[PDB]
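The next block holds one structure in the form of structure tokens; read it before the comments.
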Amino acid sequence: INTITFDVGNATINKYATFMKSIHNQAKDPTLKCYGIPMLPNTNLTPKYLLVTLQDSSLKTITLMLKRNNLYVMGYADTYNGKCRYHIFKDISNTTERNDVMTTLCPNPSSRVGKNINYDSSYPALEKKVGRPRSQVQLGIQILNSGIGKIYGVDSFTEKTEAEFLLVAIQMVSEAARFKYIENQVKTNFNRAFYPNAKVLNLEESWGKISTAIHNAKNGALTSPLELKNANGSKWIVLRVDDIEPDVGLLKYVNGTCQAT
């Protein structure tokens with residue numbers, strides 16, 4: 001719990017941009033890249049996880065634990081009464097993962113309470129909970145800041161207040177780090193709440209396929225054009241890595257050799 005902190009309460013663009021470069025610099029494999037784009041490491045490369053602390057305007061704090069190999073959030077922690085309260089997702093199930101998650105988040109026994117999250121850590125599960133597709137749930141720097149207050153130190157919040165905060169934090173953190181395009185959308189709408197546009201949604205949903213495509217590209221040309229959606233909703237066919245390259249920040253891990261540059 002020696003972590004990367006983002007002060008959402010007094011965020012500035014230059015602040016958020018440094019917060020993303022920190023995650024990008026700890027999450028990326030030290031050597032693997034494809035066409036200049038860094039790639040995430042295999043699961044055996046320790047640190048296996050990353051801790052990101054989000055702090056609000058009242059110095060309240062919430063730390064998220066992410067698997068480094070893929071950037072998916074495993075659970076989070078806050079402070080309840082005078083103890084570390086870890087909340088893990090229902091889908092985190094290897095028995096060696098939820099304990100690593102519990103003891104990394106709150107490393108002192110009998111000074112921690114568990115408040116398991118009874119649902120899966122995946123878009124459908126969370127959309128279900130808030131009851132509304134993520135396209136209708138706004139994102140924003142003041143939105144994330146408030147979310148923190150609905151959670152920290154309160155014993156009953158609602159699975160809807162919590163899933164909602166998570167949907168926001170996952171995109172403004174994991175999706176933004178994986179895609180330069182999403183980060184730029186946040187930065188572009190920093191001083192306002194906004195809805196993810198057709199392309200932020202398609203990219204989040206297309207991360208694995210985009211990563212395989214770019215890993216497999218021969219001499220810079222995709223082995224198979226890719227049909228993606230663009231901002232305003234229309235088809236968008238990328239035939240080359242340089243067509244998509246400016247939008248991607250971190251490639252999923254695909255084992256094998258690719259054109260380093």
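Naming scheme: A, B, ... for chains in displayed order of the structure tokens; residues 1 onward per chain; ligands 1 onward as shown.
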
**OP:** Run DSSP on the backbone of this structure and report the residues of range 98-245 of chain A it assigns to alpha helix (DSSP H), as a PyMOL selection string.
**Re:** chain A and resi 98-105+123-130+141-151+159-170+176-178+180-188+198-216+241-244

**OP:** Please identify all polymer residues within 9 Å of range 175-180 of chain A, counting only C-alpha atoms, omitting same-chain residues fewer than 5 positions from it, and present them as a list in words.
**Re:**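 The contact residues come out as residues 20, 21, 23, 24, 71, 170, 185, 186, 200, 203, 204, 207, 246, 247, 248, 249, 250, 251 and 252 of chain A.
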
Go ahead and save the picked residues with N, CA and C atoms, as a PDB file, in the first residue's frame.
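After the write, result_7.pdb holds the following:
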ATOM      1  N   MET A  20      -1.699   9.255 -15.177  1.00  0.00           N
ATOM      2  CA  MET A  20      -1.771   8.191 -16.179  1.00  0.00           C
ATOM      3  C   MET A  20      -0.400   7.669 -16.582  1.00  0.00           C
ATOM      4  N   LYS A  21       0.580   8.561 -16.689  1.00  0.00           N
ATOM      5  CA  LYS A  21       1.960   8.168 -16.988  1.00  0.00           C
ATOM      6  C   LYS A  21       2.517   7.306 -15.852  1.00  0.00           C
ATOM      7  N   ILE A  23       0.786   5.032 -13.962  1.00  0.00           N
ATOM      8  CA  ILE A  23       0.209   3.694 -14.170  1.00  0.00           C
ATOM      9  C   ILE A  23       0.815   3.061 -15.415  1.00  0.00           C
ATOM     10  N   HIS A  24       0.926   3.835 -16.479  1.00  0.00           N
ATOM     11  CA  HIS A  24       1.504   3.320 -17.690  1.00  0.00           C
ATOM     12  C   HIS A  24       2.937   2.826 -17.444  1.00  0.00           C
ATOM     13  N   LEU A  71      -5.008  -4.976 -16.114  1.00  0.00           N
ATOM     14  CA  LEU A  71      -5.638  -3.732 -15.624  1.00  0.00           C
ATOM     15  C   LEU A  71      -7.060  -3.818 -15.075  1.00  0.00           C
ATOM     16  N   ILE A 170     -13.530   2.712 -13.213  1.00  0.00           N
ATOM     17  CA  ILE A 170     -12.877   1.785 -14.121  1.00  0.00           C
ATOM     18  C   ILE A 170     -12.570   2.434 -15.484  1.00  0.00           C
ATOM     19  N   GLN A 185     -10.244  12.014 -23.988  1.00  0.00           N
ATOM     20  CA  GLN A 185     -11.633  12.377 -23.847  1.00  0.00           C
ATOM     21  C   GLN A 185     -11.830  12.951 -22.431  1.00  0.00           C
ATOM     22  N   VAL A 186     -11.264  12.294 -21.431  1.00  0.00           N
ATOM     23  CA  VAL A 186     -11.404  12.835 -20.098  1.00  0.00           C
ATOM     24  C   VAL A 186     -10.800  14.239 -20.067  1.00  0.00           C
ATOM     25  N   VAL A 200     -15.503   5.514 -27.513  1.00  0.00           N
ATOM     26  CA  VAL A 200     -14.907   5.068 -26.260  1.00  0.00           C
ATOM     27  C   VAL A 200     -15.485   3.703 -25.882  1.00  0.00           C
ATOM     28  N   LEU A 203     -13.983   0.956 -28.232  1.00  0.00           N
ATOM     29  CA  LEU A 203     -12.586   0.643 -27.902  1.00  0.00           C
ATOM     30  C   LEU A 203     -12.549  -0.258 -26.643  1.00  0.00           C
ATOM     31  N   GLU A 204     -13.236   0.153 -25.578  1.00  0.00           N
ATOM     32  CA  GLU A 204     -13.263  -0.632 -24.346  1.00  0.00           C
ATOM     33  C   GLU A 204     -13.662  -2.059 -24.683  1.00  0.00           C
ATOM     34  N   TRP A 207     -10.724  -4.101 -26.963  1.00  0.00           N
ATOM     35  CA  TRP A 207      -9.339  -4.192 -26.510  1.00  0.00           C
ATOM     36  C   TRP A 207      -8.560  -5.440 -26.859  1.00  0.00           C
ATOM     37  N   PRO A 246      -2.416   6.000 -32.690  1.00  0.00           N
ATOM     38  CA  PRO A 246      -2.566   7.133 -31.768  1.00  0.00           C
ATOM     39  C   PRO A 246      -3.575   7.043 -30.620  1.00  0.00           C
ATOM     40  N   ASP A 247      -4.471   6.070 -30.706  1.00  0.00           N
ATOM     41  CA  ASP A 247      -5.550   5.855 -29.752  1.00  0.00           C
ATOM     42  C   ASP A 247      -5.249   4.858 -28.625  1.00  0.00           C
ATOM     43  N   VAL A 248      -4.261   3.987 -28.844  1.00  0.00           N
ATOM     44  CA  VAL A 248      -3.922   2.921 -27.904  1.00  0.00           C
ATOM     45  C   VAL A 248      -2.749   3.273 -27.026  1.00  0.00           C
ATOM     46  N   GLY A 249      -2.869   3.030 -25.723  1.00  0.00           N
ATOM     47  CA  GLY A 249      -1.770   3.320 -24.819  1.00  0.00           C
ATOM     48  C   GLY A 249      -1.008   2.088 -24.332  1.00  0.00           C
ATOM     49  N   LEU A 250      -1.719   0.958 -24.220  1.00  0.00           N
ATOM     50  CA  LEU A 250      -1.171  -0.300 -23.713  1.00  0.00           C
ATOM     51  C   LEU A 250      -1.890  -1.475 -24.361  1.00  0.00           C
ATOM     52  N   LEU A 251      -1.112  -2.368 -24.937  1.00  0.00           N
ATOM     53  CA  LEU A 251      -1.624  -3.522 -25.620  1.00  0.00           C
ATOM     54  C   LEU A 251      -1.788  -4.638 -24.628  1.00  0.00           C
ATOM     55  N   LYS A 252      -2.867  -5.408 -24.774  1.00  0.00           N
ATOM     56  CA  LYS A 252      -3.166  -6.556 -23.925  1.00  0.00           C
ATOM     57  C   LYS A 252      -2.006  -7.469 -24.146  1.00  0.00           C
TER      58      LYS A 252
END

Subject >> Which residue of A:72, A:80, A:16, A:35 approaches residue 217 in chain A most closely, using only C-alpha atoms >> reply: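 Smallest distance to residue 217 in chain A is found for A:35.
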
Considering only C-alpha atoms, tabulate each residue of range 75-100 of chain A that lies at most 6 Å from range 120-136 of chain A along with its nearest interatomic pair and the corresponding distance in Å to one decimal; arrange the rows by chain and ascending residue number and present them as a tab-separated table.
residue	atom	partner	partner_atom	distance
A:89	CA	A:121	CA	5.8
A:90	CA	A:120	CA	5.1
A:91	CA	A:120	CA	5.0

Export N, CA, C and O atoms of the chosen residues as an mmCIF file, in the first residue's frame?
data_model
loop_
_atom_site.group_PDB
_atom_site.id
_atom_site.type_symbol
_atom_site.label_atom_id
_atom_site.label_comp_id
_atom_site.auth_asym_id
_atom_site.auth_seq_id
_atom_site.Cartn_x
_atom_site.Cartn_y
_atom_site.Cartn_z
ATOM 1 N N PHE A 89 -14.569 -8.370 -5.510
ATOM 2 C CA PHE A 89 -15.648 -8.642 -6.460
ATOM 3 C C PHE A 89 -16.068 -10.076 -6.390
ATOM 4 O O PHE A 89 -15.248 -10.930 -6.175
ATOM 5 N N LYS A 90 -17.327 -10.367 -6.669
ATOM 6 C CA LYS A 90 -17.749 -11.772 -6.645
ATOM 7 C C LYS A 90 -16.973 -12.685 -7.620
ATOM 8 O O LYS A 90 -16.780 -13.875 -7.323
ATOM 9 N N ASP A 91 -16.471 -12.151 -8.740
ATOM 10 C CA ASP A 91 -15.772 -13.008 -9.721
ATOM 11 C C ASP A 91 -14.303 -13.270 -9.463
ATOM 12 O O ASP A 91 -13.639 -14.031 -10.175
#

Original post:
What lies within 12 Å of residue 149 in chain A using only C-alpha atoms, ignoring chain neighbours under 5 positions off, as a ChimeraX atom specification?
Top reply: /A:8-9,54-62,78-79,142-144,154,157,161-162,165

Subject >> Long-range neighbours of residue 110 in chain A as an MDAnalysis selection string, 12 Å cut-off, only C-alpha atoms, 6 positions minimum in chain >> reply: chainID A and resid 82:85 103
